[PDB]
Every structure is written in structure tokens, then in C-alpha cells.
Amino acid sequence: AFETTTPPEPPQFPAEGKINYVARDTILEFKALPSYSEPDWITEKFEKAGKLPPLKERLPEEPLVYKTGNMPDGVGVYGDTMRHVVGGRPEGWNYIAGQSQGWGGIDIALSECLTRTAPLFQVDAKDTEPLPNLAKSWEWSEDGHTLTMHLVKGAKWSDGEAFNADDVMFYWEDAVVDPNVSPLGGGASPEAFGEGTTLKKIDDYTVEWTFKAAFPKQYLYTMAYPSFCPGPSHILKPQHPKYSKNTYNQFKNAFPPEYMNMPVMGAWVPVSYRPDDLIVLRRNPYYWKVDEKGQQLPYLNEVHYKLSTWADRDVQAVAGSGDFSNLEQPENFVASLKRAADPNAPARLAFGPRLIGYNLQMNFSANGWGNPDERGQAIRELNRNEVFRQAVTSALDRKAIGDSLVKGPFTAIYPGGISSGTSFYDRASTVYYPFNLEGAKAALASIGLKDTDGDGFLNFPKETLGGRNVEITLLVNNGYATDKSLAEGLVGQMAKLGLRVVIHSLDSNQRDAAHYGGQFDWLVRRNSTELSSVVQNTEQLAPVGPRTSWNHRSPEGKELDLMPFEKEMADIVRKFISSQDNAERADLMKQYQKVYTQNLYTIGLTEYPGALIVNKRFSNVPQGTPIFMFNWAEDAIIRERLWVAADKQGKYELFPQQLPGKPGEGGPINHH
């Protein structure tokens, strides 16, 4: 009944900061170097005092080596602190059991994964193999069902314990396969790695994947952050219910934020924590990454995470008291641009492509996900009705939504689906339902929704819930002004259509528990990587598995009650995952976009670009780094490779010349 078209082209964005494209193998390689070096105080005060082993003995025989050619400013010098500001709060250190550490780069820096993809924003080539990280190399069998994966060899956790296949296997078996454990982020279900996929240990430094499909190369991306970031099994395994008398809740909570020096494969280790104030990390002396001159990374000795608000991160970065921000809330754009416009500004600000998007997601489970009551169930039935979805999207004045956030060329009309800023995007394949409130009102009337009590809100027919008013709950992340503003705008627009929408505003952790547990009717959410990049966590594009979709999961352990268009989307996604043909992949994403946007798998709210803000004293920041593409800029900028020239260094270290203490002990260790 609606006059659909394609979305109008947004205003031209002079998108400052162009990316310097490079080839995949210009960034790093694994190899032995003839000599290695580290900060002088480690050698003088720890090694020479017999308190820490010599550096060569702490490194793998073949460490990960960053190639100087890809370094924007070349080889670094030691020193200084990276000062981050975050809106989140740590629950504890058990990432693989689903605890948040506060976001804003903390878990990104702690939890290293098998592969790495965030720095791939600088590779234009199709289609790029994820960078090796904890997995140094891999080989496909001739038939394409077997993937032999070789691990970094001789690397150690920050506490000196060997990193090997046991850590990989513990994550796979006891975190992924185990249905009672859910790693942080809402993903990492077994089917995210392919239906029926198995993983086995060959030896201490070799694992073997077996896939049902032939060459499903897209799963290498799933082996990067957030889905395959192994934890220290020697510490975690004795707390797991399979190997102790602990319950799953006791395993999840065994490492509270106060527990210091949690072993990591990351560049820095947590050494201090003050509630609602600060987390301090110190350099990991067992870090397994070096530069081409043999200097053990990171260059920065310390990292701070000030516990504040997300809006304060922007404020502190432009003021110069914070060193980094992802300017991603349009309500903060004008004030930030004003401060950045001063030539004496301590920080540089640079917008990227339009990769920040928001969708309204409707719960499509009519078979019990989140155990809904009679009211909840009737909403799942409306959600699954295509005429209802068409009315909701048509009742949205998308120009007004964008203007409510910020004026100017930032926002773009966003019907939903793949972001307009990504290479797989096809405007002609994007179904746009223009603002048509009258048509939206007539469509709801056609499915039996009419105002029978004179209050302007539509009622169910007499047969459903005694003909009461339709009432829909809207789950919102209370940590962001943008999410709240979009939710408030959504309530207003729905009231004009005649639907009563009630906001359920929760902090990040509670919001995640309600979302992943399926305890929602509708929710407002900022897009994740599958919509900004397609290639990162591709399984999230459709219900390919019982728990891969953000808005259609099945209760444990029922099958999905998929609608025909969702089955079509799932088939396209599985075909894309196993394709190495560039023309076929591009065509499949055109088909995917059309099915998504025609059927309204989700309903787009708005889309706009974000800007990376970084203190000017840092060297090695890549030009044109986007705030979000394969992952957040905290990962993409490669913080372990950043450095500050000696004459520009800040004097901000809270534990200078100190190293992390033992897991569960007081805090850091000194030389005297």
C-alpha cells in the first residue's frame, strides 16, 4: 500500500582525514630478531636485581613484529600515559563469562583474540584475510572443511604462565560450547562459528577447526574481537562449575573489580581500582609484540580509565585532560568542533564516513524468548505482521529525527540495513518507506487496530487482551544522550500514529541482560560491526543460528520460528560466508539489503559520521582512522604502537617504574 523508493542522497561530507590504503601484510609478521630491548628501568631495577627474567626469556622465540613501513611516524620511544575517560563501570574481570570491564577500550586492551581486524580499515582490497594475532598462521584443507591453526609459540600471560592451545580449548569448550556461559557482547554462541563446527587440539600450539560448509573463510573474522578472546585458563578453570563446586553465577563473579593483576595477553595489566573514580593499568612485562628494532611494546608505560560519563569523554579530550574520544553523540558535535577550531587546541578532531547508525529492533520471537506474558505475546504477534512494520516505519519523519540530533550535513535518511558509508552498500537495493502518517494510520486500521475508548491510542480488537489499548515497551541504554533523545522522539512519533510506547531505561549491564534474555517488545540500539562493515561478525546479519540475531532468538533449546524472509536472509548470509567470488559477494549483499529493507528486519532511525579525537602529542596515530568500522578506534589505532616524543611527554604516571604484581595481590610492585 506504500509508495516505496530509494533513500535520497545525503549532503556531501568533506570527510576530513583520508585513509592511506596499504596491503594486508604491511602491518606485522612473526619472526625472531637478533636482539631485544625494553625501558632502561626494567633492565636496571628488575632484571639486574634478579626480580624479573631477561627480556629474551620472557618473549616468544618468534614474537609478533610490527613493520616500520606501516607506522605513520616510524619506530617509537618509551614513556608516557594514555588517559582514557569512560561512561561504563567494571563488574569484574571475567570477560569470557560475560562481565563488562566498563567499555571505552578497557576490555579491547585486555582481551587479545585469535585474529585482529580493526586495523583493516586501511586495506581497500577484496577480500582481506584477518590479521594473525594469537593465531600466527592457518591453512585450509584441499576440500575446505578443515582449518589448521598455528598459535604464537612461547608467549606468556602477564603472570608468566605459558599461553598455548589449553587456553584456546578452555574458551571453546567451557565458554562457547557450554550453554550456561555467555561471553561479553551477546555473541559467541557455537553457531556463530557455523552450525556443527568443531574445534580440537592437535598439540600445544596447534588447533584444528572442522566446518560443515567448504571454505567458510568469513569465520576468521569471528575469531577476532569480541567473539574469540581467550581467558587465562589456569586462573579461570579452577572456578568453572565443571571442575569445582562453584555455581555458574559464582564462576562469573569469582574475579570482582577489586581483584588486581588479572592475567592477560594484552599490552597493560590492571594494577589499581578506585570505585566510580579510576582504573590504572601498567605495562605487561610478558607482552609478545615488538617493533623492527627489537623494542618490546607497548611504548606507553601506563593507561588510565577515568570512570565518568560518555559525554565527559568528549569534554575531557577537547580540553586536553583526556587523551582520546569517539565523538559519536551529535548533541556534542557543535561544542566539540568549536573547541577543536582553536589552533592552540590540545587535540585533533577528524570525521570519517557515515558508519554510526541507530535502529529500532522489534522482538520477532513468538515461541517464548524472554518468556513473555499475554500482553508481551500479543506484541510479538504485531511485530511479526508485515503491515504493522510498514505502518511503524512510514510513521517516522526521518528528516525530523536527524534534525532533532544535529543540523547541517551530518545525518542521512536511514531506512535500516547496511550503512551508506560501507563498500557493500547499494542505494538502489535500499527500500525507503517515505513519511506517510495517513497511510500508516490506514494500514493499522486494516489489521484491526482502532481507537474504541476515545483516548487517541489504538486498541486491540475485542478478541485480543479484552480490547485494551496497544502498549509497547521500549528498551533504552540510559548511558547515552543520543539513545534517550531517539527513544523520546520515537514515543512522540508513535503517539501521532496512535501507538502508546513506554520507555524502559536501564544501565548498560541491565540493558544487555534484558536484551539477550529476550525481555523486550522493542529496543533502540546503536549498530554493531555487521552493519558498518558486513565482513565482521557476519552471522549477526541474520538468524543463521538460534542465538545469532539481535532481535530473533529462540529459548534454550527450541528451534527458531522464522518468517519466510528471515530464512531467505539466513540463506544469503550462509552463501556469502562461503563465497570467495567478489562479484557474487557484492550481488549477495544487494539481495540481502533488498530483503532486509523491504521486509523491515529492523527499522532505521538515523545515521551519521563520528569523529576521532586524539591528543596532539601522540605519534603513530593512522590518518583517517574511523571511530567504528571493523571495531572501535581504540582497537584500530593500535594503542601498543602509539608513542610520544621525549620532549612532548606528559608526566602523568601514577606508578612510574612499577610493574604488575601477582594475581589477587595488593597492586603493583616496585624495585625498593
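For every residue, the number given is its place in the sequence shown, counted from 1. We call the rigid core the largest set of C-alpha positions that still match within 1.5 Å between the two forms.
For 593-601 versus 117-125, the mean Cα distance to the shown form in 4 other deposited structures of this protein after rigid core alignment is larger for 117-125. Annotation: of the segments 557-565 and 524-532, 557-565 departs further from this form in 4 other deposited structures of this protein (C-alpha atoms, root mean square over structures and residues, core superposition).
Checked against the record, the higher mean CA B factor of 230-238 and 447-455 lies with 447-455. Higher mean CA temperature factor between 114-122 and 482-490: 482-490, per the PDB entry. Ranking 475, 202, 265, 108 by the C-alpha B-factor listed in the PDB entry places 202 at the top. Comparing the listed residues 594, 252, 496, 306, the entry records the largest Cα B-factor for 496. For residue 31, the recorded CA temperature factor ranks within the middle third of the chain's modelled residues.
Ranked by Cα temperature factor within the chain, residue 69 sits in the middle third according to the deposited record. When the CA B factors of the chain's modelled residues are split into thirds, the value for residue 248 lands in the highest one.
The PDB entry assigns residue 61 a C-alpha temperature factor belonging to the highest third of its chain's modelled residues. In the PDB entry, a CA B factor belonging to the lowest third of its chain's modelled residues is recorded for residue 39.
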